[PDB]
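Enquirer: Following this line is target30.cif, made up of mmCIF, C-alpha atoms and all ligand atoms:
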data_query
#
loop_
_atom_site.label_atom_id
_atom_site.label_comp_id
_atom_site.auth_asym_id
_atom_site.auth_seq_id
_atom_site.Cartn_x
_atom_site.Cartn_y
_atom_site.Cartn_z
CA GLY A 23 77.17 111.61 73.08
CA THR A 24 80.13 113.98 73.52
CA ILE A 25 83.10 113.60 71.19
CA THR A 26 86.05 112.79 73.40
CA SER A 27 89.40 112.86 71.62
CA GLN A 28 92.98 112.01 72.63
CA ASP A 29 95.61 114.74 72.87
CA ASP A 30 98.40 112.69 74.53
CA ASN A 31 99.76 109.14 74.25
CA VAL A 32 97.47 106.21 73.67
CA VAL A 33 97.08 102.56 74.49
CA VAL A 34 94.58 101.23 71.94
CA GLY A 35 92.67 98.02 72.27
CA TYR A 36 90.05 96.35 70.09
CA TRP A 37 86.78 95.11 71.61
CA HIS A 38 85.04 92.08 70.01
CA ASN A 39 81.33 92.45 69.18
CA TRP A 40 81.09 88.63 69.60
CA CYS A 41 81.58 85.85 72.20
CA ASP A 42 84.00 82.92 72.52
CA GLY A 43 86.44 83.43 69.66
CA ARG A 44 88.87 80.53 69.22
CA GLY A 45 92.56 81.40 69.27
CA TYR A 46 95.51 80.50 67.10
CA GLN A 47 96.66 78.18 69.93
CA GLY A 48 93.24 76.81 70.89
CA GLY A 49 92.45 79.41 73.56
CA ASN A 50 89.29 81.45 74.00
CA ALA A 51 88.34 85.12 73.81
CA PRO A 52 85.25 85.92 75.91
CA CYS A 53 82.90 88.72 75.13
CA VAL A 54 83.35 91.32 77.87
CA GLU A 55 81.37 94.35 78.98
CA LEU A 56 82.95 97.72 78.07
CA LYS A 57 82.96 98.66 81.77
CA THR A 58 85.22 95.64 82.51
CA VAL A 59 87.88 96.81 80.05
CA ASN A 60 91.05 97.84 81.78
CA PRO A 61 91.03 101.70 82.18
CA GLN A 62 94.58 101.98 80.83
CA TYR A 63 93.13 101.23 77.36
CA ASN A 64 92.25 104.85 76.72
CA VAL A 65 91.13 104.09 73.13
CA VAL A 66 88.74 101.18 72.70
CA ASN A 67 87.80 100.10 69.17
CA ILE A 68 84.40 98.47 68.72
CA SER A 69 84.85 95.66 66.21
CA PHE A 70 83.24 95.81 63.61
CA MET A 71 81.14 98.11 61.46
CA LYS A 72 80.44 95.88 58.50
CA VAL A 73 77.88 94.55 56.04
CA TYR A 74 75.91 91.80 57.80
CA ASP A 75 74.10 90.55 54.67
CA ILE A 76 74.51 92.09 51.22
CA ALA A 77 70.75 91.87 50.76
CA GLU A 78 70.64 94.83 53.21
CA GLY A 79 72.69 97.02 50.84
CA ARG A 80 76.31 98.11 50.34
CA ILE A 81 76.58 100.53 53.24
CA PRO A 82 78.11 98.90 56.37
CA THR A 83 76.49 99.46 59.78
CA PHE A 84 76.80 98.35 63.39
CA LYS A 85 74.49 96.01 65.27
CA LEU A 86 75.30 95.18 68.83
CA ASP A 87 75.59 91.40 69.29
CA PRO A 88 72.57 90.33 71.40
CA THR A 89 74.57 87.37 72.81
CA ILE A 90 76.55 89.97 74.76
CA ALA A 91 73.41 90.67 76.81
CA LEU A 92 73.78 94.45 77.03
CA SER A 93 70.82 96.54 75.94
CA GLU A 94 71.63 99.38 73.51
CA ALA A 95 70.86 101.67 76.44
CA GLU A 96 73.38 99.94 78.74
CA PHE A 97 76.07 99.88 76.02
CA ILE A 98 75.50 103.60 75.43
CA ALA A 99 75.82 104.30 79.16
CA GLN A 100 79.10 102.36 79.28
CA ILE A 101 80.44 104.53 76.45
CA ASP A 102 79.38 107.65 78.37
CA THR A 103 81.26 106.32 81.39
CA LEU A 104 84.46 105.76 79.39
CA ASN A 105 84.12 109.27 77.95
CA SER A 106 83.78 110.73 81.46
CA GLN A 107 87.09 108.91 82.28
CA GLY A 108 88.81 110.71 79.35
CA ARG A 109 88.76 107.54 77.18
CA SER A 110 87.75 107.30 73.51
CA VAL A 111 85.51 104.64 71.91
CA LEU A 112 85.97 104.35 68.17
CA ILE A 113 84.05 102.26 65.66
CA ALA A 114 86.37 99.95 63.73
CA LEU A 115 85.34 99.70 60.05
CA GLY A 116 86.08 96.35 58.39
CA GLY A 117 87.36 93.10 59.82
CA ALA A 118 87.17 89.64 58.31
CA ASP A 119 84.26 88.84 56.01
CA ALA A 120 82.90 92.39 56.18
CA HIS A 121 81.63 92.47 52.56
CA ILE A 122 82.65 96.11 52.15
CA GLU A 123 82.58 96.81 48.43
CA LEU A 124 81.64 100.42 47.91
CA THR A 125 80.95 102.11 44.58
CA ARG A 126 81.79 105.71 43.66
CA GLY A 127 78.79 107.77 44.82
CA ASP A 128 78.39 105.80 48.08
CA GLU A 129 80.47 108.33 50.10
CA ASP A 130 77.39 110.43 50.97
CA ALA A 131 75.48 107.49 52.40
CA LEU A 132 78.57 106.11 54.20
CA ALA A 133 79.21 109.53 55.78
CA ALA A 134 75.56 109.74 56.85
CA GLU A 135 75.75 106.30 58.49
CA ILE A 136 78.99 107.09 60.36
CA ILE A 137 77.40 110.32 61.68
CA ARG A 138 74.23 108.47 62.67
CA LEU A 139 76.12 105.84 64.68
CA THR A 140 78.44 108.43 66.23
CA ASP A 141 75.53 110.56 67.43
CA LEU A 142 73.53 107.56 68.64
CA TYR A 143 76.20 105.52 70.48
CA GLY A 144 78.61 108.39 71.33
CA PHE A 145 81.54 107.00 69.36
CA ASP A 146 84.50 109.37 69.27
CA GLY A 147 85.83 108.50 65.80
CA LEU A 148 86.46 105.68 63.33
CA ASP A 149 89.31 103.19 62.76
CA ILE A 150 89.89 101.92 59.22
CA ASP A 151 90.60 98.22 59.71
CA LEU A 152 89.90 96.61 56.34
CA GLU A 153 90.55 92.92 55.58
CA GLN A 154 93.17 92.30 52.89
CA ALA A 155 90.55 91.74 50.14
CA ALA A 156 88.82 95.05 50.99
CA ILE A 157 91.89 97.30 50.72
CA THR A 158 91.48 97.46 46.94
CA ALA A 159 87.92 96.22 46.50
CA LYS A 160 85.73 98.19 44.06
CA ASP A 161 85.95 101.92 44.85
CA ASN A 162 86.85 101.61 48.58
CA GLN A 163 90.14 103.59 48.14
CA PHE A 164 88.05 106.53 46.91
CA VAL A 165 84.81 106.19 48.84
CA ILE A 166 86.12 105.58 52.34
CA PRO A 167 88.39 108.68 52.42
CA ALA A 168 85.78 110.81 50.66
CA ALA A 169 83.21 109.90 53.35
CA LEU A 170 85.61 110.41 56.25
CA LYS A 171 86.59 113.88 55.06
CA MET A 172 82.92 114.87 55.13
CA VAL A 173 82.53 113.39 58.61
CA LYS A 174 85.61 115.19 59.93
CA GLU A 175 84.33 118.48 58.50
CA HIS A 176 80.84 117.97 59.92
CA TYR A 177 82.21 117.63 63.47
CA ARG A 178 84.86 120.36 62.99
CA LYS A 179 81.91 122.72 62.37
CA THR A 180 80.74 122.13 65.98
CA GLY A 181 84.28 122.39 67.48
CA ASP A 182 84.70 118.58 67.71
CA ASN A 183 87.70 116.43 66.68
CA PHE A 184 86.17 113.20 65.30
CA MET A 185 89.15 110.85 65.54
CA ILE A 186 90.32 109.04 62.39
CA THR A 187 92.76 106.13 62.78
CA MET A 188 93.81 103.18 60.65
CA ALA A 189 95.18 99.69 61.20
CA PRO A 190 97.06 98.68 58.07
CA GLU A 191 99.04 95.48 57.96
CA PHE A 192 102.59 96.82 57.84
CA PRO A 193 103.60 95.28 54.39
CA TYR A 194 101.01 97.49 52.70
CA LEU A 195 102.87 100.63 53.85
CA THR A 196 105.74 100.41 51.39
CA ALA A 197 106.08 103.45 49.16
CA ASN A 198 103.19 103.31 46.70
CA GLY A 199 101.80 100.32 48.69
CA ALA A 200 98.11 99.29 48.75
CA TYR A 201 97.23 101.34 51.87
CA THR A 202 98.98 104.54 50.69
CA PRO A 203 95.85 106.13 49.03
CA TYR A 204 94.11 106.08 52.42
CA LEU A 205 97.11 107.77 54.04
CA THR A 206 97.61 110.43 51.39
CA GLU A 207 93.92 111.28 50.99
CA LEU A 208 93.43 111.59 54.71
CA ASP A 209 96.69 113.39 55.54
CA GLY A 210 95.73 116.22 57.91
CA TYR A 211 92.45 114.44 58.78
CA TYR A 212 93.82 111.30 60.52
CA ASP A 213 94.89 111.51 64.18
CA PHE A 214 97.25 108.51 64.21
CA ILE A 215 97.94 105.22 62.47
CA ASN A 216 98.22 101.94 64.41
CA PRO A 217 99.67 99.38 61.93
CA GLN A 218 99.47 95.69 62.61
CA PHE A 219 103.03 94.44 63.14
CA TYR A 220 101.74 90.86 63.31
CA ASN A 221 100.21 88.09 61.19
CA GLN A 222 102.76 88.80 58.40
CA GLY A 223 104.94 85.77 59.04
CA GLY A 224 108.42 86.40 57.74
CA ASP A 225 107.87 89.79 56.11
CA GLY A 226 110.40 92.35 57.34
CA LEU A 227 113.29 94.53 56.24
CA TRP A 228 116.97 94.16 55.44
CA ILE A 229 119.31 96.42 57.44
CA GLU A 230 123.00 96.67 56.52
CA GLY A 231 125.10 95.67 59.51
CA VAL A 232 122.27 93.57 60.97
CA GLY A 233 120.87 91.47 58.10
CA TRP A 234 117.37 90.19 57.35
CA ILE A 235 114.95 91.14 60.14
CA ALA A 236 111.62 89.27 60.01
CA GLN A 237 108.46 90.11 61.97
CA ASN A 238 108.48 86.50 63.24
CA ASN A 239 112.11 86.45 64.44
CA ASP A 240 112.00 86.56 68.24
CA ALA A 241 115.79 86.93 68.47
CA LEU A 242 115.78 90.27 66.59
CA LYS A 243 112.58 91.81 67.97
CA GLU A 244 114.14 95.06 69.25
CA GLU A 245 115.74 95.48 65.85
CA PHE A 246 112.45 94.77 64.07
CA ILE A 247 110.53 97.32 66.16
CA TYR A 248 113.20 100.03 65.97
CA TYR A 249 113.97 99.70 62.27
CA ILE A 250 110.41 99.29 60.97
CA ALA A 251 109.34 102.32 63.02
CA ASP A 252 112.40 104.38 62.06
CA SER A 253 111.63 103.63 58.39
CA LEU A 254 108.00 104.71 58.68
CA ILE A 255 108.58 107.87 60.71
CA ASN A 256 111.25 109.06 58.26
CA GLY A 257 109.81 107.68 55.02
CA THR A 258 113.04 105.70 54.45
CA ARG A 259 113.91 102.19 53.27
CA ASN A 260 110.97 102.24 50.84
CA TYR A 261 108.30 102.94 53.48
CA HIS A 262 105.58 105.56 53.27
CA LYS A 263 106.08 108.29 55.85
CA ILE A 264 103.89 108.39 59.00
CA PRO A 265 105.07 111.11 61.41
CA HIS A 266 106.27 109.75 64.77
CA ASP A 267 103.67 111.70 66.77
CA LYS A 268 101.05 109.85 64.66
CA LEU A 269 102.44 106.30 64.79
CA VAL A 270 101.18 103.74 67.32
CA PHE A 271 102.78 100.26 67.37
CA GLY A 272 100.16 97.49 66.93
CA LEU A 273 100.73 94.11 68.58
CA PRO A 274 99.00 90.84 69.53
CA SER A 275 98.02 90.63 73.20
CA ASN A 276 99.36 87.04 73.41
CA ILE A 277 100.06 83.99 71.25
CA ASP A 278 96.32 83.17 70.98
CA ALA A 279 95.48 86.57 69.48
CA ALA A 280 97.59 86.26 66.34
CA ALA A 281 99.50 83.62 64.44
CA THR A 282 102.82 85.55 64.67
CA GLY A 283 104.13 88.86 66.07
CA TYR A 284 103.72 88.41 69.82
CA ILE A 285 106.58 90.07 71.76
CA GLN A 286 108.13 87.42 73.99
CA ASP A 287 110.33 89.89 75.92
CA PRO A 288 108.73 93.31 76.61
CA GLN A 289 112.21 94.79 77.17
CA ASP A 290 112.75 94.59 73.39
CA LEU A 291 109.90 97.12 72.97
CA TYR A 292 111.08 99.29 75.85
CA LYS A 293 114.53 99.53 74.30
CA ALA A 294 113.29 100.12 70.78
CA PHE A 295 110.93 102.83 71.99
CA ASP A 296 113.67 104.49 74.02
CA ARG A 297 115.98 104.55 70.95
CA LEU A 298 113.24 106.26 68.92
CA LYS A 299 112.74 108.75 71.77
CA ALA A 300 116.47 109.46 72.03
CA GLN A 301 116.68 110.47 68.33
CA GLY A 302 113.84 112.98 68.94
CA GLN A 303 111.12 110.75 67.33
CA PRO A 304 109.11 109.10 70.21
CA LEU A 305 106.06 107.09 69.12
CA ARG A 306 102.51 107.98 70.15
CA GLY A 307 101.83 104.65 71.90
CA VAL A 308 100.86 100.99 71.35
CA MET A 309 97.79 99.15 70.12
CA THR A 310 96.66 95.54 70.61
CA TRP A 311 94.41 92.93 69.18
CA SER A 312 92.65 92.71 71.58
CA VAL A 313 91.23 93.59 74.97
CA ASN A 314 89.14 90.42 74.76
CA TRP A 315 92.29 88.37 74.15
CA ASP A 316 94.06 90.15 77.02
CA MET A 317 91.12 89.02 79.17
CA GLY A 318 90.90 85.58 77.51
CA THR A 319 92.16 82.07 78.30
CA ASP A 320 94.66 79.62 76.86
CA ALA A 321 93.61 76.18 75.66
CA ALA A 322 93.85 74.88 79.27
CA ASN A 323 91.42 77.65 80.44
CA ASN A 324 94.20 79.54 82.27
CA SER A 325 93.54 83.30 82.20
CA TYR A 326 95.95 85.50 80.23
CA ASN A 327 95.41 87.81 83.24
CA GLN A 328 95.78 91.13 81.39
CA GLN A 329 99.50 90.56 80.77
CA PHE A 330 99.60 92.95 77.74
CA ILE A 331 98.30 95.95 79.65
CA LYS A 332 100.53 94.96 82.64
CA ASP A 333 103.59 94.96 80.35
CA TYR A 334 102.86 98.16 78.44
CA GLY A 335 100.22 100.37 80.12
CA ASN A 336 102.42 102.13 82.69
CA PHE A 337 105.33 102.19 80.22
CA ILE A 338 103.33 104.23 77.72
CA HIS A 339 101.21 106.36 80.06
CA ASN A 340 104.27 107.59 81.95
CA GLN A 341 105.92 109.04 78.75
CA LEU A 342 106.10 112.79 77.97
CA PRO A 343 103.16 114.17 75.92
CA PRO A 344 103.61 114.67 72.11
CA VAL A 345 104.87 117.74 70.17
NA NA B 401 81.80 110.13 72.72
NA NA B 402 116.85 89.68 70.76
#
Could you spell out this file's structure in structure tokens?
Ligand code: NA
Ligand code: NA
Expert:
Amino acid sequence: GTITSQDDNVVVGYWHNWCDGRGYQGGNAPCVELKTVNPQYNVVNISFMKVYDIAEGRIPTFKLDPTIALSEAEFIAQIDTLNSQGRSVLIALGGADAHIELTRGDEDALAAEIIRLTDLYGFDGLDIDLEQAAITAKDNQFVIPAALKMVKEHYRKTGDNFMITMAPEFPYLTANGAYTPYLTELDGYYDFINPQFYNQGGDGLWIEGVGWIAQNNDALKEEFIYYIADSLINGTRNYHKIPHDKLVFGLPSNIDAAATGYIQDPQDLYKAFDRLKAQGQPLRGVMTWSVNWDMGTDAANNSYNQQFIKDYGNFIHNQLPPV
């Protein structure tokens, strides 16, 4: 394929390489064809590159789920189509039960496999989306950055920007937190970070004048968004710094997609994002788990009807470009 990278704001959505996932509230996530994904998701993350069976070896790979009933050829064409629309398709490394437990020395083979898949499917980059147990498993903190540097450099040689993103759960981004080796090793290689501001229950931050602001408090959601992002983009309040032009706010699509973190009132995001913009530090966009959930159903089989991309797609795409 042709490496197709993002120079302006993004709306990121994950795409499930499986069918009929059950939700946190009993709903259903269909498998969907790439070509059915709403075009306002201009970064689509194929979930997941993983180890399928450890008897196959330590190096994760990607195998298109045959239940989805696309041939490799048809999947590849759909990626070419997205690329022709100016949209990126990343491979998301990790996910639940991925069995990624790499040993020092594995970076060469992991880099070779990323390059292979990239060239074959026409992926535009990789998203680091490790499960909690993987973040510090074995030599992952060393191997995964070492491999991605070699991948970045390989594609830089041919004038291509192989995108590198990550999806840390936000508690792991405290200063010296478990995800910080990935961030420091890959500083100047990663394009943007899309943390998960969901599934962390009552984790949060204390702000003098406001109080305790939890990720699951729907009365203080503007405050949560504004203050957690302000902390990250400035490296304050004991958070690792991620520059504002490289921070994308990750969210559940609806209450089926995650246990906690769903934004009940989209105006809380609009206002938080406008406060960050007004101080000269606008964010790079939003991300969601997941496009399948946005296209999914509740427990009564009522369609979620793309509400996430309705709420946020125009809002983000009509912002000024970065820099
Ligand atoms: Na591509
Ligand atoms: Na509120």
Enquirer: Taking only residues of chain A that have an atom at most 9 Å from an atom of ligand NA 402 (chain B), what is each one's shortest atom pair and its distance in Å to one decimal, using all atoms listed in the file, in chain and number order, as CSV?
Expert:
residue,atom,partner,partner_atom,distance
A:239,CA,B:NA402,NA,8.5
A:240,CA,B:NA402,NA,6.3
A:241,CA,B:NA402,NA,3.7
A:242,CA,B:NA402,NA,4.3
A:243,CA,B:NA402,NA,5.5
A:244,CA,B:NA402,NA,6.2
A:245,CA,B:NA402,NA,7.7
A:287,CA,B:NA402,NA,8.3
A:290,CA,B:NA402,NA,6.9
Enquirer: Could you make a table, as CSV, of the residues of chain A that have an atom within 7 Å of an atom of ligand NA 401 (chain B), each with its nearest atom pair and distance in Å to one decimal, counting all atoms listed in the file, in chain and number order?
Expert:
residue,atom,partner,partner_atom,distance
A:23,CA,B:NA401,NA,4.9
A:24,CA,B:NA401,NA,4.3
A:25,CA,B:NA401,NA,4.0
A:26,CA,B:NA401,NA,5.1
A:101,CA,B:NA401,NA,6.9
A:102,CA,B:NA401,NA,6.6
A:105,CA,B:NA401,NA,5.8
A:110,CA,B:NA401,NA,6.6
A:111,CA,B:NA401,NA,6.7
A:144,CA,B:NA401,NA,3.9
A:145,CA,B:NA401,NA,4.6
A:146,CA,B:NA401,NA,4.4
Enquirer: I'd like the contact shell of stretch 166-168 of chain A - 7 Å cut-off, all atoms listed in the file, skipping same-chain residues fewer than 2 positions apart - returned as a ChimeraX atom specification.
Expert: /A:129,162-164,170-172,204,207-208
Enquirer: Using all atoms listed in the file, which of A:236, A:305, A:120, A:255 sits nearest residue A:81?
Expert: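 For residue A:81, the nearest of the candidates is A:120.
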Enquirer: For residue A:253, please output as JSON, numbers by chain all residues within 12 Å (counting only C-alpha atoms; exclusion window: fewer than 5 positions along the same chain).
Expert: {"A": [192, 195, 196, 197, 226, 227, 228, 229, 245, 246, 247, 248, 258, 259, 260, 261, 262, 263, 264, 265, 266, 269, 298, 303]}
Enquirer: Interatomic distance between atom CA of residue A:224 and atom CA of residue A:193?
Expert: 10.6 Å
Enquirer: From the set A:205, A:137, A:98, A:189, which residue has the shortest atom-to-atom contact distance to residue A:175, counting all atoms listed in the file?
Expert: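 Residue with the minimum atom-to-atom distance to residue A:175: A:137.
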Enquirer: Please determine, counting all atoms listed in the file, which residue among A:337, A:177, A:219, A:311 has the shortest atom-to-atom distance to residue A:68.
Expert: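 Among the listed residues, the smallest separation from residue A:68 belongs to A:311.
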Enquirer: Name the residues in contact with residue A:108 at a cut-off of 9 Å, using all atoms listed in the file, excluding same-chain residues fewer than 6 positions from it; report them as a PyMOL selection string.
Expert: chain A and resi 26-28+64
Enquirer: Generate the output file for the selected residues, C-alpha atoms, as a PDB file, keeping the file's coordinate frame.
Expert:
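The resulting file, out-v9.pdb, is shown below:
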ATOM      1  CA  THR A  26      86.050 112.790  73.400  1.00  0.00           C
ATOM      2  CA  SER A  27      89.400 112.860  71.620  1.00  0.00           C
ATOM      3  CA  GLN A  28      92.980 112.010  72.630  1.00  0.00           C
ATOM      4  CA  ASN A  64      92.250 104.850  76.720  1.00  0.00           C
TER       5      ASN A  64
END
